[PDB]
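Listed next as structure tokens: two forms of one protein chain, kept apart as structure 1 and structure 2.
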Structure 1
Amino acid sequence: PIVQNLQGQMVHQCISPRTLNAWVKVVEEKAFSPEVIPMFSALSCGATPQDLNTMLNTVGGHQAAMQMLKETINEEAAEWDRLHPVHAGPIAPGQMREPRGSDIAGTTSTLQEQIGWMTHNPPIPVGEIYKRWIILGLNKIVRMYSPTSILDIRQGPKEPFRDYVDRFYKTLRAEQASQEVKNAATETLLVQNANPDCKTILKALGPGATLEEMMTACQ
């Protein structure tokens, strides 16, 4: 990654063993549960495109997902190149060349180049641009690997309301509902999908109940 040291200049630092192992172990343990994504983002704080490729290449299984991700990256790299075409032919001696999509993705750029862009005044933030492409891809994978529709999350007859709500919102998160819809669903599908006893209690509460209110009501 690129860090500020103890004296305020941005320098390259090697990716640490602890970060490398943390990422590999979260993918091993959680696969593409939605909470893997914020973990990836955090673990890649300050990353170069080299570092991001390191992290992705250290994954051993999930190769269908990693091929899907490559496809998304290639789509974004192609959109970059549409928006920001670069001069063909020789670079000015000693001067910084403009990055292409594949340079942002780390496949045609050197570490030195990357460092140069990321530490330019002002920075050409190749690591953040690439990390956004990656995360776009990873979100597609999360959606793909979500096993259950929201329509199929219904409260069992002896299921504590809290356990049902946990299932409900875990599902909505993997299915990638907007925050609008998660906020909204409390007045709709959450009640509809509740068991008869709790449905009756929630219906009587009236509209505008907070989730806390609904949860206390059906405790």
Structure 2
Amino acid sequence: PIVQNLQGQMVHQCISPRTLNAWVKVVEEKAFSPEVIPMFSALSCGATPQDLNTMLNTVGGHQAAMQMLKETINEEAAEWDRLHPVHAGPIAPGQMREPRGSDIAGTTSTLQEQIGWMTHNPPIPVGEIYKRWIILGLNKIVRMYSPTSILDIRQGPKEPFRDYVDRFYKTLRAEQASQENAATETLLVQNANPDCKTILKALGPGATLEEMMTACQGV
């Protein structure tokens, strides 16, 4: 990554073995659960395109997801090339060549060029752009790899309400690739067992989740 030292310099630093092993183990253990996407975004803090490619390429399995991710990266790179055409001619002294789509993705750019863009005045954050594309692709992968539909989450006859809500919002987070309505509240209240459904319907509209789980604690 590119981090700031003690002398106030933006310098390049080798990616640590702890970060590599952490990302590899996160992918091995959690597959493409939603919480993988924050973790990735946290483990690639200040990363260069080379570091991002390193994190993605060290994954051994999930090659379908990785190939999808390459297709998404190519789409976003083509859009970047359409919106930011690199002008021909020679580069002025003291200036950097403008990055193509593959330059942001670390395919046709060197590490020295990536450091140059990221530490230039004004900076071109190629690492953050590439990370944005990668996070788009990973959102697609998370939505695709979601196992269960939200319509199939129904509270058991003797299942506690807390576990039912856990499965509900876990499934919803998996299918939306996001933790961010009225249809969700109605689907939530509708799929409860008769007791909790009667209590929740008795609570009236406009109720919060804390009140809902408090009213069904032990029912």
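Structure 1 provides the reference sequence; residues are numbered from 1 along it. In this text, rigid core is short for the largest set of C-alphas that superpose within 1.5 Å between two forms.
**Q** Once both forms sit on the same rigid core, is the C-alpha displacement of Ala78 at or above 2 Å between structure 1 and structure 2?
**A** Result for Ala78: no, shift under 2 Å.
**Q** Take the rigid core as the frame of reference and indicate whether the C-alpha of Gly94 shifts by 2 Å or more between structure 1 and structure 2.
**A** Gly94 C-alpha, core-superposed: shift of 2 Å or more.
**Q** Fit the two forms on their core, then tell me the C-alpha shift of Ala204 between structure 1 and structure 2 in angstrom.
**A** C-alpha shift for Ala204: 0.3 Å.
**Q** Using the rigid core as the frame, report the C-alpha movement of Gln7 between structure 1 and structure 2, one decimal, in Å.
**A** C-alpha shift for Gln7: 1.7 Å.
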